[PDB]
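J.: Structure supplied as input17.txt; contents: compact mmCIF, N, CA and C atoms.
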# COMPACT_ATOMS: atom_id res chain seq x y z
N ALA X 1 -57.93 7.53 55.10
CA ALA X 1 -57.79 7.55 56.58
C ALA X 1 -56.57 6.76 57.03
N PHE X 2 -56.24 5.71 56.28
CA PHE X 2 -55.09 4.88 56.60
C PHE X 2 -53.93 5.16 55.65
N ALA X 3 -53.88 6.39 55.14
CA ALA X 3 -52.82 6.80 54.22
C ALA X 3 -51.50 7.01 54.95
N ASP X 4 -51.58 7.51 56.18
CA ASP X 4 -50.39 7.78 56.98
C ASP X 4 -50.43 7.02 58.31
N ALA X 5 -51.42 6.15 58.47
CA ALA X 5 -51.56 5.37 59.69
C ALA X 5 -50.29 4.56 59.98
N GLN X 6 -49.82 4.63 61.22
CA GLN X 6 -48.62 3.90 61.62
C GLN X 6 -48.84 2.40 61.49
N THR X 7 -47.79 1.62 61.71
CA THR X 7 -47.88 0.17 61.62
C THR X 7 -46.87 -0.51 62.54
N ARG X 8 -47.23 -1.70 63.00
CA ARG X 8 -46.36 -2.48 63.89
C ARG X 8 -46.82 -3.93 63.93
N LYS X 9 -45.91 -4.83 64.29
CA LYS X 9 -46.23 -6.25 64.34
C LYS X 9 -46.93 -6.60 65.65
N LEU X 10 -47.97 -7.42 65.54
CA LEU X 10 -48.74 -7.85 66.69
C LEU X 10 -48.09 -9.05 67.38
N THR X 11 -47.95 -8.97 68.70
CA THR X 11 -47.34 -10.04 69.47
C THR X 11 -48.28 -11.25 69.55
N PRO X 12 -47.73 -12.45 69.74
CA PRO X 12 -48.53 -13.68 69.84
C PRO X 12 -49.52 -13.61 70.99
N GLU X 13 -49.12 -12.93 72.07
CA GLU X 13 -49.98 -12.78 73.24
C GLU X 13 -51.18 -11.91 72.90
N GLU X 14 -50.93 -10.77 72.26
CA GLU X 14 -51.99 -9.85 71.88
C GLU X 14 -52.90 -10.49 70.83
N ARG X 15 -52.30 -11.30 69.96
CA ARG X 15 -53.05 -11.98 68.91
C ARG X 15 -53.94 -13.07 69.50
N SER X 16 -53.48 -13.68 70.59
CA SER X 16 -54.22 -14.74 71.25
C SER X 16 -55.43 -14.18 71.99
N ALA X 17 -55.22 -13.12 72.75
CA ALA X 17 -56.31 -12.50 73.51
C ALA X 17 -57.36 -11.93 72.57
N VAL X 18 -56.90 -11.21 71.55
CA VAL X 18 -57.80 -10.63 70.57
C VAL X 18 -58.64 -11.72 69.93
N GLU X 19 -57.96 -12.68 69.31
CA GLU X 19 -58.65 -13.80 68.68
C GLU X 19 -59.59 -14.47 69.68
N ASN X 20 -59.22 -14.39 70.96
CA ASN X 20 -60.01 -14.96 72.03
C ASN X 20 -61.24 -14.09 72.28
N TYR X 21 -61.07 -12.78 72.08
CA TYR X 21 -62.14 -11.82 72.27
C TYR X 21 -63.13 -11.87 71.11
N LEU X 22 -62.60 -11.86 69.89
CA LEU X 22 -63.44 -11.90 68.69
C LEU X 22 -64.19 -13.23 68.61
N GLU X 23 -63.48 -14.31 68.93
CA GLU X 23 -64.07 -15.65 68.90
C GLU X 23 -65.15 -15.78 69.96
N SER X 24 -64.82 -15.39 71.18
CA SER X 24 -65.77 -15.45 72.29
C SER X 24 -66.90 -14.45 72.07
N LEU X 25 -66.60 -13.40 71.31
CA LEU X 25 -67.58 -12.37 71.00
C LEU X 25 -68.79 -12.96 70.29
N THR X 26 -68.53 -13.68 69.21
CA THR X 26 -69.59 -14.30 68.43
C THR X 26 -70.42 -15.25 69.29
N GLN X 27 -69.78 -15.85 70.29
CA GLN X 27 -70.45 -16.78 71.19
C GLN X 27 -71.39 -16.03 72.13
N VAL X 28 -70.99 -14.83 72.54
CA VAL X 28 -71.80 -14.02 73.44
C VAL X 28 -72.84 -13.21 72.67
N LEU X 29 -74.08 -13.69 72.68
CA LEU X 29 -75.16 -13.01 71.98
C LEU X 29 -76.43 -12.99 72.84
N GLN X 30 -77.00 -11.80 73.00
CA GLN X 30 -78.22 -11.64 73.79
C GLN X 30 -79.08 -10.52 73.24
N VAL X 31 -80.31 -10.41 73.76
CA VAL X 31 -81.25 -9.38 73.33
C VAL X 31 -81.24 -9.21 71.81
N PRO X 32 -82.11 -9.95 71.10
CA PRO X 32 -82.20 -9.87 69.64
C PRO X 32 -82.31 -8.44 69.13
N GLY X 33 -83.37 -7.76 69.55
CA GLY X 33 -83.59 -6.39 69.14
C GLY X 33 -83.78 -6.26 67.64
N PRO X 34 -84.83 -6.88 67.08
CA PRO X 34 -85.11 -6.82 65.64
C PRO X 34 -85.59 -5.44 65.20
N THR X 35 -85.17 -5.03 64.01
CA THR X 35 -85.56 -3.73 63.47
C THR X 35 -85.89 -3.83 61.99
N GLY X 36 -86.57 -4.91 61.61
CA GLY X 36 -86.94 -5.10 60.22
C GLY X 36 -86.11 -6.17 59.54
N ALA X 37 -85.23 -5.75 58.64
CA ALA X 37 -84.37 -6.68 57.92
C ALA X 37 -82.91 -6.26 57.99
N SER X 38 -82.01 -7.21 57.79
CA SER X 38 -80.58 -6.93 57.83
C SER X 38 -80.17 -6.41 59.20
N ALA X 39 -79.97 -7.32 60.15
CA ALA X 39 -79.58 -6.95 61.50
C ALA X 39 -78.77 -8.06 62.16
N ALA X 40 -77.89 -8.68 61.39
CA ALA X 40 -77.05 -9.76 61.90
C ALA X 40 -75.80 -9.21 62.58
N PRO X 41 -75.16 -10.02 63.45
CA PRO X 41 -73.95 -9.61 64.17
C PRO X 41 -72.87 -9.10 63.23
N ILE X 42 -71.68 -8.85 63.77
CA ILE X 42 -70.57 -8.36 62.98
C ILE X 42 -69.24 -8.90 63.50
N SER X 43 -68.86 -10.08 63.04
CA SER X 43 -67.61 -10.70 63.46
C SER X 43 -66.62 -10.72 62.31
N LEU X 44 -65.40 -10.26 62.58
CA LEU X 44 -64.35 -10.22 61.55
C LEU X 44 -63.50 -11.49 61.59
N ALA X 45 -63.10 -11.95 60.40
CA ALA X 45 -62.27 -13.14 60.28
C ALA X 45 -60.79 -12.76 60.22
N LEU X 46 -59.98 -13.40 61.05
CA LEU X 46 -58.55 -13.10 61.09
C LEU X 46 -57.85 -13.46 59.79
N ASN X 47 -57.13 -12.48 59.24
CA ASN X 47 -56.39 -12.65 58.00
C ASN X 47 -54.90 -12.41 58.24
N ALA X 48 -54.11 -12.51 57.18
CA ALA X 48 -52.67 -12.29 57.30
C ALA X 48 -52.37 -10.92 57.88
N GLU X 49 -53.24 -9.95 57.61
CA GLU X 49 -53.06 -8.60 58.13
C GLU X 49 -53.31 -8.59 59.63
N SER X 50 -54.02 -9.60 60.12
CA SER X 50 -54.33 -9.73 61.54
C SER X 50 -53.07 -9.59 62.40
N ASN X 51 -51.91 -9.72 61.78
CA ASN X 51 -50.65 -9.61 62.50
C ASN X 51 -50.14 -8.17 62.47
N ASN X 52 -50.29 -7.51 61.32
CA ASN X 52 -49.84 -6.14 61.17
C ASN X 52 -50.86 -5.16 61.75
N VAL X 53 -50.53 -4.58 62.90
CA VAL X 53 -51.42 -3.62 63.56
C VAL X 53 -51.28 -2.22 62.96
N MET X 54 -52.42 -1.58 62.71
CA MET X 54 -52.44 -0.24 62.15
C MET X 54 -52.79 0.79 63.22
N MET X 55 -51.97 1.83 63.33
CA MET X 55 -52.19 2.87 64.33
C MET X 55 -52.56 4.19 63.66
N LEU X 56 -53.64 4.81 64.13
CA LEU X 56 -54.08 6.09 63.57
C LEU X 56 -54.94 6.87 64.55
N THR X 57 -54.85 8.19 64.46
CA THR X 57 -55.68 9.06 65.29
C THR X 57 -56.93 9.37 64.49
N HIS X 58 -58.07 8.87 64.95
CA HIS X 58 -59.31 9.07 64.21
C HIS X 58 -60.53 8.93 65.10
N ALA X 59 -61.62 9.59 64.70
CA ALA X 59 -62.87 9.54 65.45
C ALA X 59 -63.66 8.29 65.07
N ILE X 60 -64.00 7.48 66.07
CA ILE X 60 -64.75 6.26 65.83
C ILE X 60 -66.26 6.50 65.87
N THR X 61 -66.94 6.03 64.83
CA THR X 61 -68.39 6.17 64.75
C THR X 61 -69.06 4.96 65.38
N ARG X 62 -70.28 5.15 65.89
CA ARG X 62 -71.00 4.06 66.53
C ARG X 62 -72.34 3.80 65.85
N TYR X 63 -72.41 2.69 65.11
CA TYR X 63 -73.64 2.31 64.42
C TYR X 63 -74.25 1.08 65.08
N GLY X 64 -75.24 1.30 65.94
CA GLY X 64 -75.88 0.20 66.63
C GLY X 64 -76.87 -0.55 65.75
N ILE X 65 -77.05 -1.83 66.05
CA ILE X 65 -77.98 -2.67 65.29
C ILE X 65 -78.42 -3.88 66.11
N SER X 66 -77.46 -4.49 66.79
CA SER X 66 -77.74 -5.67 67.61
C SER X 66 -78.78 -5.36 68.69
N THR X 67 -78.80 -4.11 69.15
CA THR X 67 -79.73 -3.70 70.19
C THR X 67 -79.83 -2.18 70.26
N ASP X 68 -80.86 -1.69 70.95
CA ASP X 68 -81.07 -0.25 71.10
C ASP X 68 -80.54 0.25 72.44
N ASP X 69 -79.66 -0.53 73.06
CA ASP X 69 -79.07 -0.16 74.35
C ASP X 69 -77.55 -0.31 74.30
N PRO X 70 -76.81 0.65 74.88
CA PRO X 70 -75.34 0.63 74.90
C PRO X 70 -74.76 -0.78 75.00
N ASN X 71 -74.59 -1.41 73.84
CA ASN X 71 -74.06 -2.76 73.79
C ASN X 71 -73.37 -3.04 72.45
N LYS X 72 -73.04 -4.31 72.23
CA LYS X 72 -72.36 -4.74 71.00
C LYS X 72 -72.96 -4.09 69.76
N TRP X 73 -72.17 -3.24 69.12
CA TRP X 73 -72.59 -2.53 67.92
C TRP X 73 -71.44 -2.43 66.92
N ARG X 74 -71.72 -1.85 65.76
CA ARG X 74 -70.72 -1.69 64.71
C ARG X 74 -70.12 -0.29 64.77
N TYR X 75 -68.80 -0.20 64.60
CA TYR X 75 -68.14 1.09 64.63
C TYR X 75 -67.60 1.42 63.25
N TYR X 76 -67.26 2.69 63.03
CA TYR X 76 -66.76 3.09 61.72
C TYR X 76 -65.60 4.07 61.82
N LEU X 77 -64.49 3.71 61.19
CA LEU X 77 -63.31 4.56 61.16
C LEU X 77 -63.30 5.33 59.85
N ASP X 78 -63.67 6.61 59.90
CA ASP X 78 -63.72 7.42 58.70
C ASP X 78 -64.83 6.90 57.78
N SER X 79 -64.49 6.55 56.54
CA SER X 79 -65.48 6.02 55.60
C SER X 79 -65.43 4.49 55.57
N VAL X 80 -64.81 3.89 56.58
CA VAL X 80 -64.69 2.44 56.65
C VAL X 80 -65.32 1.88 57.92
N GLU X 81 -65.73 0.62 57.86
CA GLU X 81 -66.34 -0.05 59.01
C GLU X 81 -65.28 -0.73 59.86
N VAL X 82 -65.37 -0.55 61.18
CA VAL X 82 -64.41 -1.15 62.09
C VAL X 82 -65.07 -1.75 63.33
N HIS X 83 -64.32 -2.59 64.02
CA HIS X 83 -64.80 -3.27 65.22
C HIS X 83 -64.17 -2.67 66.48
N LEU X 84 -64.93 -1.84 67.18
CA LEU X 84 -64.46 -1.22 68.41
C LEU X 84 -65.17 -1.84 69.61
N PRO X 85 -64.44 -2.56 70.49
CA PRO X 85 -65.03 -3.22 71.65
C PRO X 85 -65.93 -2.29 72.47
N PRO X 86 -67.09 -2.79 72.92
CA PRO X 86 -68.06 -2.02 73.70
C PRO X 86 -67.49 -1.31 74.93
N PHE X 87 -66.26 -1.62 75.32
CA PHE X 87 -65.67 -0.99 76.51
C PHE X 87 -64.93 0.31 76.18
N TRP X 88 -64.81 0.64 74.90
CA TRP X 88 -64.12 1.87 74.51
C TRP X 88 -65.11 2.95 74.07
N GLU X 89 -66.39 2.59 74.00
CA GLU X 89 -67.42 3.55 73.60
C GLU X 89 -67.31 4.83 74.43
N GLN X 90 -66.85 4.67 75.67
CA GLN X 90 -66.68 5.81 76.57
C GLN X 90 -65.27 6.38 76.45
N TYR X 91 -64.32 5.54 76.05
CA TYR X 91 -62.94 5.96 75.90
C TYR X 91 -62.71 6.64 74.55
N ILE X 92 -63.73 6.63 73.69
CA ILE X 92 -63.62 7.24 72.37
C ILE X 92 -64.12 8.68 72.36
N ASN X 93 -63.19 9.61 72.18
CA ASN X 93 -63.52 11.04 72.12
C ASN X 93 -63.49 11.52 70.67
N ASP X 94 -63.54 12.84 70.48
CA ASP X 94 -63.51 13.42 69.13
C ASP X 94 -62.40 12.79 68.30
N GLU X 95 -61.17 12.87 68.81
CA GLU X 95 -60.02 12.28 68.14
C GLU X 95 -59.35 11.30 69.09
N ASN X 96 -59.15 10.06 68.65
CA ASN X 96 -58.55 9.05 69.52
C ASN X 96 -57.51 8.21 68.81
N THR X 97 -56.56 7.72 69.59
CA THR X 97 -55.52 6.85 69.08
C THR X 97 -56.11 5.46 68.93
N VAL X 98 -56.35 5.06 67.69
CA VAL X 98 -56.96 3.76 67.41
C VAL X 98 -56.00 2.81 66.70
N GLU X 99 -55.69 1.71 67.37
CA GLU X 99 -54.82 0.69 66.81
C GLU X 99 -55.67 -0.50 66.42
N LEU X 100 -55.72 -0.79 65.13
CA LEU X 100 -56.54 -1.89 64.64
C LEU X 100 -55.85 -2.69 63.54
N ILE X 101 -56.22 -3.97 63.45
CA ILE X 101 -55.68 -4.86 62.43
C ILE X 101 -56.78 -5.19 61.43
N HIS X 102 -56.45 -5.17 60.14
CA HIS X 102 -57.45 -5.45 59.12
C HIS X 102 -57.68 -6.94 58.93
N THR X 103 -58.90 -7.37 59.23
CA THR X 103 -59.27 -8.78 59.10
C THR X 103 -59.78 -9.07 57.69
N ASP X 104 -60.50 -10.18 57.54
CA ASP X 104 -61.06 -10.56 56.25
C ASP X 104 -62.26 -9.67 55.91
N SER X 105 -62.75 -8.94 56.91
CA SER X 105 -63.89 -8.05 56.73
C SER X 105 -63.50 -6.61 57.04
N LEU X 106 -63.41 -6.31 58.33
CA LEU X 106 -63.05 -4.97 58.79
C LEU X 106 -61.90 -5.04 59.79
N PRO X 107 -61.29 -3.90 60.12
CA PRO X 107 -60.18 -3.84 61.06
C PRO X 107 -60.63 -3.89 62.51
N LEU X 108 -60.05 -4.84 63.25
CA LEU X 108 -60.36 -5.00 64.66
C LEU X 108 -59.46 -4.10 65.49
N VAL X 109 -60.07 -3.19 66.24
CA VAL X 109 -59.32 -2.27 67.07
C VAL X 109 -58.81 -2.98 68.32
N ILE X 110 -57.53 -3.34 68.29
CA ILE X 110 -56.90 -4.06 69.40
C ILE X 110 -56.57 -3.14 70.57
N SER X 111 -56.37 -1.85 70.28
CA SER X 111 -56.04 -0.90 71.33
C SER X 111 -56.65 0.47 71.07
N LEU X 112 -56.70 1.29 72.11
CA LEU X 112 -57.26 2.63 72.01
C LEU X 112 -56.52 3.57 72.95
N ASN X 113 -56.63 4.87 72.70
CA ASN X 113 -55.96 5.87 73.53
C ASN X 113 -56.12 5.59 75.02
N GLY X 114 -55.09 5.00 75.62
CA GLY X 114 -55.12 4.72 77.05
C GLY X 114 -55.94 3.49 77.43
N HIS X 115 -56.09 2.55 76.51
CA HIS X 115 -56.85 1.33 76.79
C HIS X 115 -56.44 0.22 75.84
N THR X 116 -56.75 -1.01 76.22
CA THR X 116 -56.41 -2.17 75.40
C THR X 116 -57.48 -3.25 75.50
N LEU X 117 -57.53 -4.10 74.48
CA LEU X 117 -58.51 -5.18 74.43
C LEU X 117 -58.26 -6.20 75.53
N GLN X 118 -57.00 -6.44 75.84
CA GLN X 118 -56.63 -7.39 76.88
C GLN X 118 -55.69 -6.74 77.88
N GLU X 119 -56.25 -5.89 78.73
CA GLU X 119 -55.46 -5.20 79.75
C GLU X 119 -55.45 -5.98 81.06
Translate this file's structure into structure tokens.

T.:
Amino acid sequence: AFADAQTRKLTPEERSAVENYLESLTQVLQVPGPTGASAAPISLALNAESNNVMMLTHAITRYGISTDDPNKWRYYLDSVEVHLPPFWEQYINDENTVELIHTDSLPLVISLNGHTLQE
């Protein structure tokens, strides 16, 4: 999926807001919504790649777990797991322009077709 994905350097401003979003994200937790076992949050750790943004047109999958209501959930880019902010769930169509940086876990989608994490 990331064989031909574009690439670009992330600005300090975009890196600050994002890191601010991911960091504040873990802090914002509500409605447990237990479903048996294995249902913990999903926060990615910023790595050296956190600077190199990856751009690709791909359909984002939505795998909910934190709750059974349109909220903080796990997304998937192709056969990989990704972090798509809850505000793009509606901005995500069949094929979308997804710009994400690969963290220590999964790639954080900093931007989307006609939208951004810190607009």

J.: For each of X:67, X:7, X:93, X:51, take the minimum atom-to-atom distance to residue 39 of chain X, counting only C-alpha atoms, then give the residue where this is smallest.

T.: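 Residue with the minimum atom-to-atom distance to residue 39 of chain X: X:67.
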
J.: Contacts of residue 117 of chain X at 8 Å or less, counting all atoms listed in the file, minus same-chain residues fewer than 3 places along, as a ChimeraX atom specification?

T.: /X:17-18,21,85,109-112

J.: Find the residues with any atom within 8 Å of (-63.8, 11.5, 64.1); use only N, CA and C atoms and the coordinates as given in the file, and write the answer as an NGL selection string.

T.: :X and (57-61 or 76-78 or 93-96)

J.: From a DSSP pass on the backbone, collect the residues of chain X flagged as alpha helix (DSSP H) and hand them back as a list in words.

T.: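 Taking chain X and keeping alpha helix (DSSP H) gives residues 12, 13, 14, 15, 16, 17, 18, 19, 20, 21, 22, 23, 24, 25, 26 and 27 of chain X.
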
J.: Counting only N, CA and C atoms, which residue out of X:22, X:64, X:115, X:11 sits closest to residue 88 of chain X?

T.: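 Result for the nearest residue to residue 88 of chain X: X:115.
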
J.: Counting all atoms listed in the file, which residue out of X:33, X:65, X:44, X:90 sits closest to residue 107 of chain X?

T.: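 Counting all atoms listed in the file, the residue closest to residue 107 of chain X is X:44.
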
J.: Please, what distance in Å, to one decimal, runs between atom C of residue 14 of chain X and atom N of residue 98 of chain X?

T.: 16.2 Å

J.: For residue 23 of chain X, which of X:37, X:43, X:97, X:86 is the closest residue, counting only C-alpha atoms?

T.: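 Smallest separation from residue 23 of chain X among the options: X:43.
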